[PDB]
């Protein structure tokens, strides 16, 4: 009212301060992305941490610093064959301009005649789609713990005019501290106003997207609704063996809530899974505050969550031992870059 109100105002003003600077740091790196901020001979190739149809992820150690990083290698030719050029260039650009705790960290970036390299911060943990399948279902307090980090992440990402059209368990990963870290921005897009492209997994598409009349940031909030639901239920709200059918369920908008769902959870979800974006929480007059201040989040210490000072509902197993059972079988071939540039034109911006 006096000191009490002034307390909030100051806190609010500092947040306004945090996003303001963050927005500036981002804009800089965004219209003038860093390039070839490292070289291949600066790293010590330890071992293969896995592969893909694009290239392979390799564990490496910086010769000067001693730090380890996850270096994913991408064969430009394969990337082009698979038609992931735009996707890849986009993700690398967002990743080098972005910066937030629950967002994956790109440490270095470069490319040569043969590949595109992304030296990622070494993270140790599993996927969140695997743990959900394992645990089966999360308790409301646990689901809240995650949803809370997601909320902050979109608050950040939204303040940047970025729309993450790809929320889903597969894109989320739990780290060694038990906190979330979003990994995948190929679909993300910087846009003020609305955009029309249809992308993202079916069970997560907001009504407006499938309705093809354009859509804005509000779809991530609807997606937060789908995630939360899936965590607390064990399965997604809208499902069908064929996409078209899932669309019908989404656009219709008739959800079925598990009976173990607390009233608050049922209430929050009703306002997040709002078919009418104009009445959807997060896309209203109080923005993210309608979400943060909801009853279901009443016990959430946003600042603490942000600072990872809340105890994770559990920490991933991989530290302490394993007995060979933790890992096994991977391709151990050498890296051979050409003497002739490949797909030089397509990846000029990288």
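Residue numbers count along the first chain shown, from 1.
Taking only CA atoms, the mean B-factor in the PDB entry is higher for 137-145 than for the other of 216-224 and 137-145.
For the pair 10-18 and 330-338, the mean B factor over Cα atoms is greater in 330-338. Of the candidates 61, 56, 294, 28, the one whose C-alpha carries the top B factor in the deposited record is 56.
Within the group 100, 110, 235, 247, the record's highest C-alpha temperature factor is found at 247.
In the PDB entry, residue 84 places in the highest third of its chain by CA B-factor. When the CA B factors of the chain's modelled residues are split into thirds, the value for residue 35 lands in the lowest one. Compared with the other modelled residues of the chain, the Cα B-factor recorded for residue 91 ranks in the lowest third.
Placement of the Cα temperature factor of residue 75 within the chain: middle third of the modelled residues, per the deposited record.
In the PDB entry, residue 211 places in the middle third of its chain by CA B-factor.
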